[PDB]
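Quick notes on the structure that follows.
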Amino acid sequence: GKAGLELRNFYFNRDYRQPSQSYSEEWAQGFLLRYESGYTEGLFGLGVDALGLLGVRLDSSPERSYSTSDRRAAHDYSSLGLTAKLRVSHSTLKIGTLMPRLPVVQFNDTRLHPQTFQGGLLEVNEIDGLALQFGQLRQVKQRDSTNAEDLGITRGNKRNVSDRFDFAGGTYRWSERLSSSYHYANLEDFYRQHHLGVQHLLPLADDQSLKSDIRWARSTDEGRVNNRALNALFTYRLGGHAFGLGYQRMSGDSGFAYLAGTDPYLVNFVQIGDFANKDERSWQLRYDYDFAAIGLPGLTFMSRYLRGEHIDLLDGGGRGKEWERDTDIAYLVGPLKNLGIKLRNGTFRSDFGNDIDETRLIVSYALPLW
């Protein structure tokens, strides 16, 4: 019988350019109540989860080419999202509302309310050191709608891109610090995706280690995309510092395949770009500082620069390059609060079109209802 709600305050801001400028702003407040019941005793247990959403946004976005627009909007929404559970020993079946965290579908949650899916999920961990998941998702409610729509594919830009997204896979814990995953996905009439992963931590000296996250994926056509994505991030942790170098390469006839609105499982997927256009090679430098060291717990800094190049432009026979810079500072209050505040800053530039400056301020307070 777990509960708890979350209050969320979300200012957002996005200056979007072409040589044709657009300028969007959003103010928003949201309530997330979540209920996670228990199971009826027995060889099989019955349970039910509830997800309650409530909130109001406020959008402005004027734009210029000739042409000149100005537009304001206000929304309020509310939702209940039930998900029924069945347990057998150490295995689980949820039917109804889902928010999966897997290599082939990762629900997005960076805005007012979570992207959710309707479908079914079977998690089974009966063999010690091996989690398997199986499921199919039929519909999605995006993070800015409370009306479900059909699953689609992240298209457009330079990526070069039903009611049935099946998936199956799992992760074996070879040691207490050597994971290896494999996942499959299939979106009806769209793509079949394979996804191999390996994470390996390696402690060097008491208070410093080196994390290696090496990923490979392959999408193929069903009715067309054609893609391989190899990508790895290496993060050397030292005290309150973390230094991360990341490489990511797209190959094949189109960019990376994932369900529209999700967060692709890519190392260089960052604030504004996914750095996953056709043929795009990307590089990431990242630095993290945890102010726990200095004696100021819950304050963190992050900065990363990415550079992608070799982008097939399909049309104009040349190639595109783009680069991005993200800087985030985050305070999360240890008593007598759980008040979080996060500022996210994104600067993105290319040589083939877009140019985006983005800022996100977030204030979040979450409280266990018991």
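For the structure tokens, the naming scheme is as follows: chains receive sequential letters (A, B, ...) according to their order of presentation, residues are indexed from 1 within each chain, and ligands are indexed from 1 in presentation order.
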(request) Just the residues within 9 Å of residue 300 of chain A, please, counting only C-alpha atoms, with nothing from its chain fewer than 2 positions along; format it as a VMD selection string. (result) chain A and resid 288 to 292 297 to 298 302 328 to 331
Can you spit out the residues from that selection as a PDB file, in the first residue's frame, using N, CA and C atoms?
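Written out: out_8.pdb:
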```
ATOM      1  N   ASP A 288      30.558  16.074 -14.762  1.00  0.00           N
ATOM      2  CA  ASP A 288      29.589  16.166 -13.669  1.00  0.00           C
ATOM      3  C   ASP A 288      30.314  16.522 -12.380  1.00  0.00           C
ATOM      4  N   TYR A 289      29.781  17.470 -11.610  1.00  0.00           N
ATOM      5  CA  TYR A 289      30.273  17.662 -10.244  1.00  0.00           C
ATOM      6  C   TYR A 289      29.162  17.582  -9.196  1.00  0.00           C
ATOM      7  N   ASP A 290      29.319  16.655  -8.255  1.00  0.00           N
ATOM      8  CA  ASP A 290      28.435  16.501  -7.094  1.00  0.00           C
ATOM      9  C   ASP A 290      28.939  17.319  -5.911  1.00  0.00           C
ATOM     10  N   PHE A 291      28.166  18.309  -5.474  1.00  0.00           N
ATOM     11  CA  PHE A 291      28.609  19.160  -4.369  1.00  0.00           C
ATOM     12  C   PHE A 291      28.507  18.537  -2.988  1.00  0.00           C
ATOM     13  N   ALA A 292      28.315  17.220  -2.944  1.00  0.00           N
ATOM     14  CA  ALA A 292      28.386  16.462  -1.697  1.00  0.00           C
ATOM     15  C   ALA A 292      29.812  16.487  -1.140  1.00  0.00           C
ATOM     16  N   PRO A 297      25.270  18.868   0.048  1.00  0.00           N
ATOM     17  CA  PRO A 297      24.664  17.743  -0.670  1.00  0.00           C
ATOM     18  C   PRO A 297      23.451  18.170  -1.483  1.00  0.00           C
ATOM     19  N   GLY A 298      23.210  17.464  -2.581  1.00  0.00           N
ATOM     20  CA  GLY A 298      22.043  17.707  -3.405  1.00  0.00           C
ATOM     21  C   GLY A 298      22.183  18.825  -4.417  1.00  0.00           C
ATOM     22  N   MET A 302      26.295  19.907 -14.396  1.00  0.00           N
ATOM     23  CA  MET A 302      26.581  19.038 -15.516  1.00  0.00           C
ATOM     24  C   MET A 302      26.743  19.875 -16.746  1.00  0.00           C
ATOM     25  N   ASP A 328      23.302  21.996 -16.905  1.00  0.00           N
ATOM     26  CA  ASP A 328      22.238  21.866 -15.904  1.00  0.00           C
ATOM     27  C   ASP A 328      22.748  22.082 -14.479  1.00  0.00           C
ATOM     28  N   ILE A 329      22.049  22.891 -13.694  1.00  0.00           N
ATOM     29  CA  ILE A 329      22.338  22.968 -12.269  1.00  0.00           C
ATOM     30  C   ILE A 329      21.100  22.457 -11.527  1.00  0.00           C
ATOM     31  N   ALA A 330      21.277  21.697 -10.451  1.00  0.00           N
ATOM     32  CA  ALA A 330      20.113  21.109  -9.790  1.00  0.00           C
ATOM     33  C   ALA A 330      20.251  21.048  -8.279  1.00  0.00           C
ATOM     34  N   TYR A 331      19.294  21.648  -7.575  1.00  0.00           N
ATOM     35  CA  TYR A 331      19.245  21.529  -6.125  1.00  0.00           C
ATOM     36  C   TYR A 331      18.059  20.686  -5.699  1.00  0.00           C
TER      37      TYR A 331
END
```
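Each of A:370, A:8, A:277, A:333 was compared to residue 314 of chain A using only C-alpha atoms, and A:277 turns out to be the nearest.
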Any chance you could tabulate, as CSV, the residues of segment 213-272 of chain A at most 10 Å from segment 97-114 of chain A with each one's nearest atom pair and distance in Å to one decimal, using only C-alpha atoms, in chain and rising number order?
```
residue,atom,partner,partner_atom,distance
A:215,CA,A:103,CA,9.6
A:217,CA,A:104,CA,9.4
A:257,CA,A:104,CA,9.1
A:258,CA,A:105,CA,7.1
A:259,CA,A:105,CA,6.9
A:260,CA,A:105,CA,9.9
A:261,CA,A:108,CA,6.8
A:262,CA,A:108,CA,5.1
A:263,CA,A:106,CA,5.4
A:264,CA,A:106,CA,6.8
A:265,CA,A:103,CA,5.5
A:266,CA,A:103,CA,9.0
A:271,CA,A:110,CA,9.9
```
For those residues, write N, CA and C atoms to a file as a short mmCIF file (atom, residue, chain, number, x, y, z; two decimals), in the first residue's frame.
```
data_model
loop_
_atom_site.label_atom_id
_atom_site.label_comp_id
_atom_site.auth_asym_id
_atom_site.auth_seq_id
_atom_site.Cartn_x
_atom_site.Cartn_y
_atom_site.Cartn_z
N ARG A 215 26.74 -0.10 -26.34
CA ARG A 215 25.44 -0.47 -26.91
C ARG A 215 25.54 -0.68 -28.40
N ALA A 217 22.64 -1.58 -31.77
CA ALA A 217 21.24 -1.80 -32.17
C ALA A 217 21.08 -1.94 -33.67
N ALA A 257 15.57 4.21 -34.95
CA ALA A 257 14.15 3.95 -34.89
C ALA A 257 13.73 3.87 -33.43
N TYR A 258 12.70 4.63 -33.07
CA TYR A 258 12.05 4.51 -31.77
C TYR A 258 10.68 5.13 -31.80
N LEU A 259 9.85 4.77 -30.82
CA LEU A 259 8.46 5.19 -30.82
C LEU A 259 8.40 6.68 -30.56
N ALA A 260 7.65 7.38 -31.42
CA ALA A 260 7.58 8.83 -31.35
C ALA A 260 7.21 9.35 -29.97
N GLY A 261 8.05 10.22 -29.44
CA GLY A 261 7.80 10.80 -28.14
C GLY A 261 8.59 10.11 -27.06
N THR A 262 9.16 8.95 -27.36
CA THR A 262 9.96 8.29 -26.34
C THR A 262 11.36 8.89 -26.31
N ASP A 263 12.18 8.39 -25.39
CA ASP A 263 13.56 8.81 -25.24
C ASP A 263 14.38 7.66 -25.77
N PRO A 264 15.06 7.87 -26.91
CA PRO A 264 15.76 6.76 -27.56
C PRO A 264 16.87 6.30 -26.65
N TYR A 265 17.17 5.01 -26.63
CA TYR A 265 18.25 4.53 -25.79
C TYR A 265 19.61 4.74 -26.46
N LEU A 266 20.00 6.01 -26.59
CA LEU A 266 21.27 6.42 -27.19
C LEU A 266 22.12 7.22 -26.20
N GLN A 271 19.68 17.06 -24.59
CA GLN A 271 18.53 17.94 -24.41
C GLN A 271 17.75 18.23 -25.69
#
```
(message) My list of candidates is A:354, A:69, A:175, A:29. Which is closest to residue 56 of chain A when distances are computed with only C-alpha atoms?
(response) A:29
(message) So that I can check the surroundings of residue 238 of chain A, please list as a list in words every protein, DNA and RNA residue that reaches within 7 Å of it, counting only C-alpha atoms and ignoring chain neighbours fewer than 5 positions away.
(response) residues 207, 208 and 209 of chain A
Surrounding residues of residue 65 of chain A excluding itself and chain neighbours under 4 positions, 9 Å, only C-alpha atoms, as a tab-separated table (two decimals) with C-alpha atoms, in the first residue's frame:
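The file below, selection.tsv, is the result:
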```tsv
chain	number	residue	atom	x	y	z
A	20	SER	CA	12.35	32.39	-40.00
A	21	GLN	CA	12.30	32.58	-36.17
A	22	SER	CA	9.77	31.01	-33.74
```
(message) List the spatial neighbours of residue 349 of chain A as a list in words - criterion: any atom at most 6 Å away, only C-alpha atoms, same-chain residues fewer than 2 positions off excluded.
(response)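 Within the cut-off, the hits are residues 322, 323 and 355 of chain A.
Here atom CA of residue 9 of chain A stands at a distance of 27.5 Å from atom CA of residue 295 of chain A.
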(request) Point out the residue among A:28, A:201, A:5, A:51 with the least atom-to-atom distance to residue 360 of chain A, counting only C-alpha atoms. (result)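 Selected residue with least distance to residue 360 of chain A: A:28.
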(message) I'd like the contact shell of residue 226 of chain A - 10 Å cut-off, only C-alpha atoms, skipping same-chain residues fewer than 4 positions apart - returned as a VMD selection string.
(response) chain A and resid 160 to 161 191 to 193 218 to 221 251 to 257 278
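Shell of residue 95 of chain A at 6 Å, with only C-alpha atoms counted and residues fewer than 3 places along the chain excluded, is residues 83, 84, 119 and 120 of chain A.
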How about saving the chosen residues, C-alpha atoms kept, as a PDB file, in the first residue's frame?
```pdb
ATOM      1  CA  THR A  83      -3.110  -0.999 -14.186  1.00  0.00           C
ATOM      2  CA  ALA A  84      -4.073  -4.431 -12.875  1.00  0.00           C
ATOM      3  CA  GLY A 119      -0.628  -2.512 -23.072  1.00  0.00           C
ATOM      4  CA  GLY A 120       0.663  -5.438 -21.114  1.00  0.00           C
TER       5      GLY A 120
END
```
(request) Measure the distance from atom CA of residue 211 of chain A to atom CA of residue 286 of chain A in Å and round it to one decimal. (result) 13.3 Å
(message) So, with only C-alpha atoms as the atoms that count, which of A:245, A:58, A:130, A:86 lies closest to residue 73 of chain A?
(response)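 Ranked by minimum distance to residue 73 of chain A, first place goes to A:58.
Between residue 345 of chain A and the candidates A:310, A:159, A:138, A:14, the tightest atom-to-atom separation, counting only C-alpha atoms, involves A:14.
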Check segment 191-339 of chain A with DSSP on the backbone and list each residue it calls strand (DSSP E or B), as a compact mmCIF listing (two decimals) with N, CA, C and O atoms, in the first residue's frame.
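Result went into part_15.txt, see below:
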```
# COMPACT_ATOMS: atom_id res chain seq x y z
N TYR A 191 8.91 -1.44 -38.00
CA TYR A 191 10.28 -1.91 -37.80
C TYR A 191 10.46 -3.08 -36.84
O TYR A 191 9.64 -3.31 -35.95
N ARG A 192 11.55 -3.81 -37.03
CA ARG A 192 11.95 -4.83 -36.09
C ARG A 192 13.30 -4.40 -35.57
O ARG A 192 14.22 -4.18 -36.35
N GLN A 193 13.44 -4.28 -34.25
CA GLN A 193 14.67 -3.74 -33.71
C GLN A 193 15.33 -4.77 -32.80
O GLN A 193 14.66 -5.44 -32.02
N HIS A 194 16.65 -4.91 -32.94
CA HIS A 194 17.44 -5.72 -32.02
C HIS A 194 18.34 -4.79 -31.23
O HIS A 194 18.81 -3.79 -31.76
N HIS A 195 18.60 -5.14 -29.98
CA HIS A 195 19.34 -4.25 -29.09
C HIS A 195 20.20 -4.97 -28.06
O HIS A 195 19.70 -5.46 -27.04
N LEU A 196 21.50 -5.00 -28.33
CA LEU A 196 22.51 -5.58 -27.45
C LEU A 196 23.20 -4.53 -26.59
O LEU A 196 23.64 -3.49 -27.09
N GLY A 197 23.28 -4.79 -25.30
CA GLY A 197 23.95 -3.86 -24.40
C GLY A 197 24.87 -4.56 -23.42
O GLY A 197 24.65 -5.72 -23.07
N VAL A 198 25.93 -3.86 -23.01
CA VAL A 198 26.79 -4.32 -21.92
C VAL A 198 27.24 -3.16 -21.04
O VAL A 198 27.82 -2.20 -21.52
N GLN A 199 26.95 -3.25 -19.75
CA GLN A 199 27.43 -2.26 -18.81
C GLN A 199 28.40 -2.97 -17.91
O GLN A 199 28.13 -4.09 -17.48
N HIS A 200 29.51 -2.31 -17.61
CA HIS A 200 30.57 -2.86 -16.78
C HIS A 200 31.10 -1.72 -15.93
O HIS A 200 31.62 -0.74 -16.46
N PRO A 203 35.81 -0.68 -10.30
CA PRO A 203 36.36 0.15 -9.23
C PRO A 203 37.89 0.17 -9.27
O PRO A 203 38.52 -0.88 -9.29
N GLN A 208 37.09 6.02 -6.67
CA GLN A 208 37.09 6.31 -8.11
C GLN A 208 36.95 5.05 -8.96
O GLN A 208 37.67 4.06 -8.76
N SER A 209 35.99 5.08 -9.89
CA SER A 209 35.77 3.98 -10.82
C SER A 209 35.61 4.46 -12.27
O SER A 209 35.69 5.66 -12.57
N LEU A 210 35.40 3.50 -13.16
CA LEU A 210 35.23 3.77 -14.58
C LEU A 210 34.10 2.93 -15.13
O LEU A 210 34.23 1.71 -15.25
N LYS A 211 32.99 3.59 -15.47
CA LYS A 211 31.83 2.90 -16.03
C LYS A 211 31.89 2.85 -17.56
O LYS A 211 32.12 3.87 -18.21
N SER A 212 31.69 1.66 -18.11
CA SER A 212 31.64 1.44 -19.56
C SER A 212 30.26 0.98 -19.99
O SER A 212 29.77 -0.04 -19.52
N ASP A 213 29.64 1.72 -20.88
CA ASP A 213 28.29 1.41 -21.34
C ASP A 213 28.33 1.27 -22.84
O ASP A 213 28.35 2.26 -23.57
N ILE A 214 28.35 0.04 -23.32
CA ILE A 214 28.55 -0.16 -24.74
C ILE A 214 27.29 -0.78 -25.34
O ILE A 214 26.82 -1.82 -24.87
N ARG A 215 26.74 -0.10 -26.34
CA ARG A 215 25.44 -0.47 -26.91
C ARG A 215 25.54 -0.68 -28.40
O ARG A 215 26.28 0.02 -29.09
N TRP A 216 24.75 -1.63 -28.90
CA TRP A 216 24.62 -1.86 -30.34
C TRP A 216 23.14 -2.13 -30.65
O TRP A 216 22.45 -2.80 -29.88
N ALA A 217 22.64 -1.58 -31.77
CA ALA A 217 21.24 -1.80 -32.17
C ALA A 217 21.08 -1.94 -33.67
O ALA A 217 21.85 -1.37 -34.45
N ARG A 218 20.05 -2.67 -34.08
CA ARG A 218 19.78 -2.86 -35.50
C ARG A 218 18.27 -2.85 -35.80
O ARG A 218 17.51 -3.68 -35.30
N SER A 219 17.85 -1.90 -36.63
CA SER A 219 16.46 -1.77 -37.02
C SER A 219 16.35 -2.24 -38.46
O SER A 219 17.26 -2.03 -39.26
N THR A 220 15.26 -2.93 -38.78
CA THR A 220 15.00 -3.34 -40.16
C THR A 220 13.56 -3.02 -40.51
O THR A 220 12.74 -2.76 -39.62
N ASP A 221 13.25 -3.07 -41.80
CA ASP A 221 11.93 -2.71 -42.31
C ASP A 221 10.92 -3.86 -42.15
O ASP A 221 11.30 -5.03 -42.07
N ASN A 227 18.82 0.50 -40.29
CA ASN A 227 19.70 1.22 -39.38
C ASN A 227 20.48 0.31 -38.45
O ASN A 227 19.96 -0.70 -37.98
N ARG A 228 21.75 0.67 -38.23
CA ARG A 228 22.57 0.10 -37.17
C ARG A 228 22.99 1.30 -36.36
O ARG A 228 23.28 2.36 -36.91
N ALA A 229 22.98 1.16 -35.04
CA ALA A 229 23.48 2.22 -34.20
C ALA A 229 24.46 1.60 -33.22
O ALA A 229 24.07 0.78 -32.39
N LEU A 230 25.74 1.94 -33.34
CA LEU A 230 26.70 1.54 -32.31
C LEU A 230 26.96 2.78 -31.48
O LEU A 230 27.07 3.88 -32.03
N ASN A 231 26.98 2.62 -30.17
CA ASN A 231 27.21 3.76 -29.30
C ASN A 231 27.65 3.37 -27.90
O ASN A 231 27.08 2.48 -27.27
N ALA A 232 28.65 4.08 -27.40
CA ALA A 232 29.22 3.74 -26.11
C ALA A 232 29.57 5.00 -25.35
O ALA A 232 30.01 5.99 -25.93
N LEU A 233 29.36 4.95 -24.05
CA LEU A 233 29.77 6.04 -23.20
C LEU A 233 30.74 5.49 -22.15
O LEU A 233 30.53 4.41 -21.61
N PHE A 234 31.82 6.22 -21.89
CA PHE A 234 32.76 5.86 -20.84
C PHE A 234 32.84 6.97 -19.82
O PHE A 234 33.18 8.11 -20.15
N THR A 235 32.52 6.63 -18.58
CA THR A 235 32.51 7.62 -17.53
C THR A 235 33.44 7.27 -16.39
O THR A 235 33.19 6.33 -15.63
N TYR A 236 34.51 8.07 -16.26
CA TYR A 236 35.50 7.90 -15.21
C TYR A 236 35.13 8.71 -13.99
O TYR A 236 35.19 9.94 -14.00
N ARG A 237 34.79 8.03 -12.91
CA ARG A 237 34.28 8.75 -11.75
C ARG A 237 35.42 8.94 -10.77
O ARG A 237 36.19 8.01 -10.52
N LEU A 238 35.52 10.14 -10.21
CA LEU A 238 36.62 10.49 -9.31
C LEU A 238 36.17 11.53 -8.30
O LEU A 238 36.05 12.71 -8.62
N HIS A 241 33.75 14.39 -9.04
CA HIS A 241 33.85 14.66 -10.47
C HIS A 241 33.53 13.42 -11.32
O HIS A 241 33.77 12.29 -10.90
N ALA A 242 33.00 13.65 -12.52
CA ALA A 242 32.78 12.57 -13.49
C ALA A 242 33.09 13.07 -14.89
O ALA A 242 32.52 14.06 -15.36
N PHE A 243 33.99 12.37 -15.57
CA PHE A 243 34.41 12.77 -16.90
C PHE A 243 33.98 11.70 -17.88
O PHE A 243 34.33 10.53 -17.74
N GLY A 244 33.16 12.10 -18.85
CA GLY A 244 32.55 11.14 -19.75
C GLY A 244 32.81 11.48 -21.18
O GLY A 244 32.56 12.60 -21.63
N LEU A 245 33.28 10.48 -21.92
CA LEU A 245 33.50 10.60 -23.35
C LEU A 245 32.51 9.65 -23.97
O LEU A 245 32.39 8.51 -23.53
N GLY A 246 31.78 10.12 -24.99
CA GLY A 246 30.85 9.25 -25.68
C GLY A 246 30.96 9.30 -27.18
O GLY A 246 31.12 10.38 -27.77
N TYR A 247 30.88 8.13 -27.80
CA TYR A 247 30.82 8.00 -29.25
C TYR A 247 29.51 7.33 -29.67
O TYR A 247 28.99 6.47 -28.95
N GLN A 248 28.97 7.74 -30.82
CA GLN A 248 27.72 7.21 -31.35
C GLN A 248 27.74 7.32 -32.87
O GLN A 248 27.93 8.41 -33.41
N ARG A 249 27.51 6.21 -33.56
CA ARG A 249 27.53 6.20 -35.02
C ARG A 249 26.30 5.55 -35.64
O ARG A 249 25.97 4.39 -35.32
N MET A 250 25.63 6.29 -36.53
CA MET A 250 24.50 5.77 -37.30
C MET A 250 24.95 5.29 -38.66
O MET A 250 25.68 5.99 -39.36
N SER A 251 24.47 4.13 -39.08
CA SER A 251 24.84 3.58 -40.36
C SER A 251 23.58 3.04 -40.99
O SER A 251 22.58 2.87 -40.30
N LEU A 259 9.85 4.77 -30.82
CA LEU A 259 8.46 5.19 -30.82
C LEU A 259 8.40 6.68 -30.56
O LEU A 259 9.00 7.17 -29.59
N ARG A 281 27.82 10.53 -37.26
CA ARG A 281 28.77 10.21 -36.20
C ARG A 281 28.76 11.34 -35.17
O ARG A 281 28.76 12.52 -35.55
N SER A 282 28.77 10.99 -33.89
CA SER A 282 28.72 12.00 -32.83
C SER A 282 29.75 11.77 -31.73
O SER A 282 30.15 10.64 -31.46
N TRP A 283 30.15 12.86 -31.08
CA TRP A 283 31.13 12.78 -30.01
C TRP A 283 30.62 13.55 -28.83
O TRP A 283 30.10 14.65 -29.01
N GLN A 284 30.76 12.98 -27.64
CA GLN A 284 30.33 13.70 -26.44
C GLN A 284 31.39 13.75 -25.34
O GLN A 284 31.95 12.74 -24.92
N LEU A 285 31.62 14.97 -24.85
CA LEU A 285 32.42 15.18 -23.68
C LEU A 285 31.44 15.60 -22.60
O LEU A 285 30.59 16.45 -22.82
N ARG A 286 31.54 15.00 -21.42
CA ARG A 286 30.65 15.40 -20.36
C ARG A 286 31.39 15.49 -19.04
O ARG A 286 32.29 14.68 -18.77
N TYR A 287 31.03 16.51 -18.24
CA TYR A 287 31.56 16.70 -16.89
C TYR A 287 30.47 16.85 -15.84
O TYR A 287 29.57 17.67 -16.00
N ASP A 288 30.56 16.07 -14.76
CA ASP A 288 29.59 16.17 -13.67
C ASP A 288 30.31 16.52 -12.38
O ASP A 288 31.34 15.92 -12.07
N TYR A 289 29.78 17.47 -11.61
CA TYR A 289 30.27 17.66 -10.24
C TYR A 289 29.16 17.58 -9.20
O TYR A 289 28.20 18.34 -9.24
N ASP A 290 29.32 16.66 -8.25
CA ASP A 290 28.43 16.50 -7.09
C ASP A 290 28.94 17.32 -5.91
O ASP A 290 30.00 17.04 -5.38
N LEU A 299 23.37 19.40 -4.52
CA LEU A 299 23.63 20.36 -5.59
C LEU A 299 24.53 19.70 -6.62
O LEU A 299 25.57 19.14 -6.27
N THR A 300 24.14 19.75 -7.89
CA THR A 300 24.95 19.15 -8.94
C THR A 300 25.04 20.04 -10.14
O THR A 300 24.18 20.90 -10.37
N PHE A 301 26.10 19.82 -10.90
CA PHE A 301 26.37 20.58 -12.10
C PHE A 301 26.63 19.56 -13.16
O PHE A 301 27.13 18.47 -12.87
N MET A 302 26.29 19.91 -14.40
CA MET A 302 26.58 19.04 -15.52
C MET A 302 26.74 19.88 -16.75
O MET A 302 26.06 20.88 -16.94
N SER A 303 27.69 19.47 -17.57
CA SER A 303 27.91 20.15 -18.80
C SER A 303 28.46 19.16 -19.80
O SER A 303 29.30 18.31 -19.48
N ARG A 304 27.98 19.27 -21.03
CA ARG A 304 28.37 18.33 -22.05
C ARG A 304 28.35 19.03 -23.39
O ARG A 304 27.51 19.90 -23.65
N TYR A 305 29.29 18.67 -24.24
CA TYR A 305 29.36 19.25 -25.55
C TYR A 305 29.30 18.05 -26.49
O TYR A 305 29.95 17.03 -26.26
N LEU A 306 28.48 18.15 -27.51
CA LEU A 306 28.44 17.08 -28.47
C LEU A 306 28.69 17.66 -29.83
O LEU A 306 28.39 18.83 -30.08
N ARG A 307 29.23 16.84 -30.71
CA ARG A 307 29.47 17.29 -32.05
C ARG A 307 29.14 16.10 -32.90
O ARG A 307 29.65 15.00 -32.67
N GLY A 308 28.20 16.29 -33.82
CA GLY A 308 27.90 15.28 -34.80
C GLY A 308 28.18 15.82 -36.20
O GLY A 308 27.99 17.01 -36.48
N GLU A 309 28.59 14.91 -37.08
CA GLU A 309 28.99 15.25 -38.42
C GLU A 309 28.63 14.07 -39.31
O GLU A 309 28.07 13.09 -38.83
N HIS A 310 29.00 14.17 -40.58
CA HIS A 310 28.79 13.11 -41.57
C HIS A 310 27.31 12.86 -41.85
O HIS A 310 26.95 11.84 -42.43
N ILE A 311 26.47 13.80 -41.45
CA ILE A 311 25.04 13.64 -41.64
C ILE A 311 24.70 13.66 -43.10
O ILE A 311 25.00 14.62 -43.80
N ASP A 312 24.07 12.61 -43.58
CA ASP A 312 23.62 12.59 -44.95
C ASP A 312 22.53 13.62 -45.00
O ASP A 312 21.74 13.69 -44.08
N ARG A 319 27.12 17.24 -46.71
CA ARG A 319 26.88 16.64 -45.41
C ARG A 319 26.72 17.68 -44.31
O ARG A 319 27.31 18.77 -44.35
N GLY A 320 25.96 17.31 -43.29
CA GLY A 320 25.64 18.22 -42.23
C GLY A 320 26.48 17.95 -41.02
O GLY A 320 26.94 16.83 -40.78
N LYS A 321 26.72 19.01 -40.26
CA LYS A 321 27.35 18.94 -38.96
C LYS A 321 26.46 19.74 -38.02
O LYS A 321 25.72 20.65 -38.45
N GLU A 322 26.47 19.36 -36.75
CA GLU A 322 25.74 20.09 -35.73
C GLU A 322 26.51 19.89 -34.44
O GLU A 322 27.33 18.96 -34.31
N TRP A 323 26.26 20.77 -33.47
CA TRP A 323 26.88 20.62 -32.18
C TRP A 323 25.93 21.11 -31.11
O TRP A 323 25.06 21.94 -31.38
N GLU A 324 26.06 20.59 -29.90
CA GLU A 324 25.18 21.02 -28.84
C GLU A 324 25.94 21.24 -27.53
O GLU A 324 27.00 20.64 -27.31
N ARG A 325 25.40 22.10 -26.69
CA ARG A 325 25.97 22.36 -25.37
C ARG A 325 24.84 22.43 -24.37
O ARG A 325 23.91 23.22 -24.52
N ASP A 326 24.92 21.57 -23.35
CA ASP A 326 23.93 21.52 -22.29
C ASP A 326 24.58 21.85 -20.95
O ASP A 326 25.63 21.31 -20.61
N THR A 327 23.93 22.70 -20.17
CA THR A 327 24.43 22.96 -18.84
C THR A 327 23.24 22.89 -17.89
O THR A 327 22.27 23.62 -18.08
N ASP A 328 23.30 22.00 -16.90
CA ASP A 328 22.24 21.87 -15.90
C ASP A 328 22.75 22.08 -14.48
O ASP A 328 23.76 21.52 -14.09
N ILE A 329 22.05 22.89 -13.69
CA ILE A 329 22.34 22.97 -12.27
C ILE A 329 21.10 22.46 -11.53
O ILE A 329 19.98 22.73 -11.94
N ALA A 330 21.28 21.70 -10.45
CA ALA A 330 20.11 21.11 -9.79
C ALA A 330 20.25 21.05 -8.28
O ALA A 330 21.19 20.46 -7.76
N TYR A 331 19.29 21.65 -7.57
CA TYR A 331 19.25 21.53 -6.13
C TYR A 331 18.06 20.69 -5.70
O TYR A 331 16.93 20.93 -6.12
N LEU A 332 18.32 19.67 -4.89
CA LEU A 332 17.26 18.90 -4.23
C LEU A 332 17.57 18.75 -2.74
O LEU A 332 18.48 18.02 -2.35
N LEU A 339 11.96 19.34 -1.66
CA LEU A 339 11.73 20.33 -2.70
C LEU A 339 12.89 20.31 -3.68
O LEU A 339 14.01 20.63 -3.31
```
(message) With distances taken over only C-alpha atoms, which residue among A:336, A:53, A:343, A:140 lies nearest residue 116 of chain A?
(response) A:140
